[PDB]
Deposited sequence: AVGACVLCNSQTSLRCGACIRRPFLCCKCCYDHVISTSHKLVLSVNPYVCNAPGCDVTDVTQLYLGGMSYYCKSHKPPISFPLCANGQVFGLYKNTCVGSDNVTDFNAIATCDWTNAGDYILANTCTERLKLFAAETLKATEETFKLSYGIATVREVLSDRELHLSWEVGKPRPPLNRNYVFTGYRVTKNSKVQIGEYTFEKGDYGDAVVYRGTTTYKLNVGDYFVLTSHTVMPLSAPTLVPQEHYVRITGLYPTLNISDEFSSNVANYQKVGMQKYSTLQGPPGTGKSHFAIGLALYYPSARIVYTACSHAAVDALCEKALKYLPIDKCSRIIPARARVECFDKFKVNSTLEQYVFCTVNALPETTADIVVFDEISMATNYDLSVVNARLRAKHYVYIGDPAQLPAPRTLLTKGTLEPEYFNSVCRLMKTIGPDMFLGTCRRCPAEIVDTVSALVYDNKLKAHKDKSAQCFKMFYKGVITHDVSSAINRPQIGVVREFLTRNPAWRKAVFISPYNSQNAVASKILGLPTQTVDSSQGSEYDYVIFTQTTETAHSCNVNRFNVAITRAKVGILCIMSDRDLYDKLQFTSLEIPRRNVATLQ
């Protein structure tokens, strides 16, 4: 009940009651909040409510101090002072953007813009508020009960009447009932249990609505620039393999934190693992939001770093399968690879946070609270995909608003930029270079002459809202018969339901653009499926076409993106 003001830090007994996160607001700030918002409940040791029996006056503007107690205009004694006067709310120890964060529903992009352009304490207030809103919205959905079990990989579900049905995709990870987390993909649906259990009729599934903890640490610590490398001890026998990053690894030791923008295949994990070879005695904690991102850092470390000094931290609630070669849960090993939510409370010489476009400010703050490091390195690319914002339905979230790190990379530029793409045929590198990298990304590979584009709108059908284009898949089938080398291609599309249809018709492994991020394949077959803002998103398009090492086939719906593709056009 006695704390610090979330806007000006002045100590106060006042907490805003109408705020879902109940922030401490000082006398000047509590007033400016209650007089310009629907928020009128003020909390202290005792709430600011009328003390007269059976009275329901809770608005702080309609209340007064009757000596030591509180009363409305109808119950106050003659010697009563209003709680709201001269720009203050009465309390102990006697903002436009705070109001908007406190009262928004988080469905508009302008809400997220504000949550990243505001002061540092308001970024934390915005991040807990948003995460709390996102969790309380999980309750709004209806329960799914197993009505019948067809086989080991297929079932038929029964939904709650009156409550909406959450969108069916691998993004929504449910909690079965405690029979394990379960995921669903499309009247016969496919059931995916993270824990092997013989599907029971009658058992139900409910969302993993986890409690939102308060944020204490900033999203970014205050920046420190040094005259020499601090607390880190460099090598001189630094492997030629990593010689290109020597000036960048020194930049890492002469700053508290540093940002690395690495377009696809420019050497991000090679840079991250190479930083351990450059500072060979340094204890490095490698973190990222996803298990796949942490596993990709584990794979690179398995090749360059000693396996006995490595440890893959796995949370006791082992959700899905991850890296199995390091000693598990040995928190004290020199190299610790761990997802953000599983991080222990520890210190490090360097903390490497990879896939930074996928971090929220909540993730940025959590990392600063569990890890106290001499140096922090944020690696990623604001031209790649951000973390999905389940509440956001109106407006588009631009890269400078993904998180604090992305905001910096897009405004003042990144500290370091990996300028040479070594993965993709030059047709792809030149296309994304002009599209999202202002012509600063260079191709190492030659043009493969295996990058094709076809302008074919097809027919758009829908599985609730996830889209399907059977004619675009038919064009891919006609292409495969004529180009059998493409039999080893990964089918990619912006929609789960397009992927499910293509898996049955084509037999190729499938992946959504969002799940393909960080992965690479020799051949990629992309079908745009629709002309929505989702399928036309330049960051999603960039990720989609930069998955290919050798060739790509793009069946496009949008004239704009089709025209921007520096690929050989196919006919029919």
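Asks: Counting from 1 along the deposited sequence, give me every gap where there's no C-alpha, start to finish.
Replies: Several stretches lack coordinates - namely 95-102, 186-193, 203-206, 593-601, in sequence order.
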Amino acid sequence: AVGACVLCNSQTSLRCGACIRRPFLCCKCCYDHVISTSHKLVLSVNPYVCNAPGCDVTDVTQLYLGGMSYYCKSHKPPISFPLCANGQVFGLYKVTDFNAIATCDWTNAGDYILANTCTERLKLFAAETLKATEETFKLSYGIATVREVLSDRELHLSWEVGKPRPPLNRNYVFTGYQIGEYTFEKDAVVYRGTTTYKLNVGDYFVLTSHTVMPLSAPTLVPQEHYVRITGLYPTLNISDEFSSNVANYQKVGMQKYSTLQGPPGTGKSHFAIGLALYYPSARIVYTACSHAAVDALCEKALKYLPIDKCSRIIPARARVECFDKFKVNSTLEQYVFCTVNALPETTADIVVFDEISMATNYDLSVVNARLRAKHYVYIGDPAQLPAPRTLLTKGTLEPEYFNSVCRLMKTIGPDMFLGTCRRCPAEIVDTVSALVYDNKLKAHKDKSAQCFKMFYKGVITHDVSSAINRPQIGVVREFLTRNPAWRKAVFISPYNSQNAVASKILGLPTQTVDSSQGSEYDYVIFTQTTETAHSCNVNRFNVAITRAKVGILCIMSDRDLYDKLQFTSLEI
From here on, numbers count along this sequence of modelled residues.
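So that the term is clear: the rigid core is the largest set of C-alpha atoms that superpose within 1.5 Å between two forms.
Asks: Taking RMS over all structures and residues, which stretch has CA atoms farther from the shown form in 9 other deposited structures of this protein, 165-173 or 127-135, after a rigid core fit?
Replies: The stretch that sits farther from the shown form in 9 other deposited structures of this protein is 165-173.
Asks: Between 74-82 and 430-438, report the one with more C-alpha displacement in 9 other deposited structures of this protein relative to this form after a rigid core superposition.
Replies: Checking 74-82 against 430-438 in 9 other deposited structures of this protein, I find the farther stretch is 74-82.
Asks: What about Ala318, left without coordinates in a third or more of the other entries of this protein that model its neighbours?
Replies: Yes, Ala318 lacks coordinates in at least a third of the other entries compared.
Asks: Between 283-291 and 395-403, which has the larger average Cα B-factor in the PDB entry?
Replies: If you average the C-alpha B-factors of 283-291 and of 395-403, the larger mean comes out for 283-291.
Asks: For the higher mean C-alpha B factor in the entry, choose 208-216 or 425-433.
Replies: Result: 208-216.
Asks: Checking the record values for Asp438, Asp381, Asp111, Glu185, which has the greatest CA B factor?
Replies: In the PDB entry, the greatest C-alpha B-factor among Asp438, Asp381, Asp111, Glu185 is found at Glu185.
Asks: Just grab whichever of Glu128, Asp324, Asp363, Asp354 has the top CA B-factor as deposited.
Replies: Highest C-alpha B-factor among the listed residues goes to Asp324.
Asks: Check where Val377 lands among this chain's C-alpha B-factors and tell me if it's the lowest, middle or highest third.
Replies: Middle third, going by the recorded CA B-factors of the chain.
Asks: How does the C-alpha B factor of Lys442 compare with the rest of the chain: lowest, middle or highest third?
Replies: As the PDB entry reports it, the C-alpha B-factor of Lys442 lands in the lowest third of its chain.
Asks: Would you please rank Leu124 by its C-alpha temperature factor against the other modelled residues of its chain and give the third it falls in: lowest, middle or highest?
Replies: CA B-factor rank for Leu124: middle third.
Asks: Should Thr532 be placed in the lowest, middle or highest third of its chain by the C-alpha B factor in the entry?
Replies: According to the entry, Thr532 has a C-alpha B-factor in the chain's lowest third.
Asks: Of the three thirds of its chain by CA temperature factor, lowest, middle or highest, which one includes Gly54?
Replies: According to the entry, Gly54 has a C-alpha B-factor in the chain's middle third.
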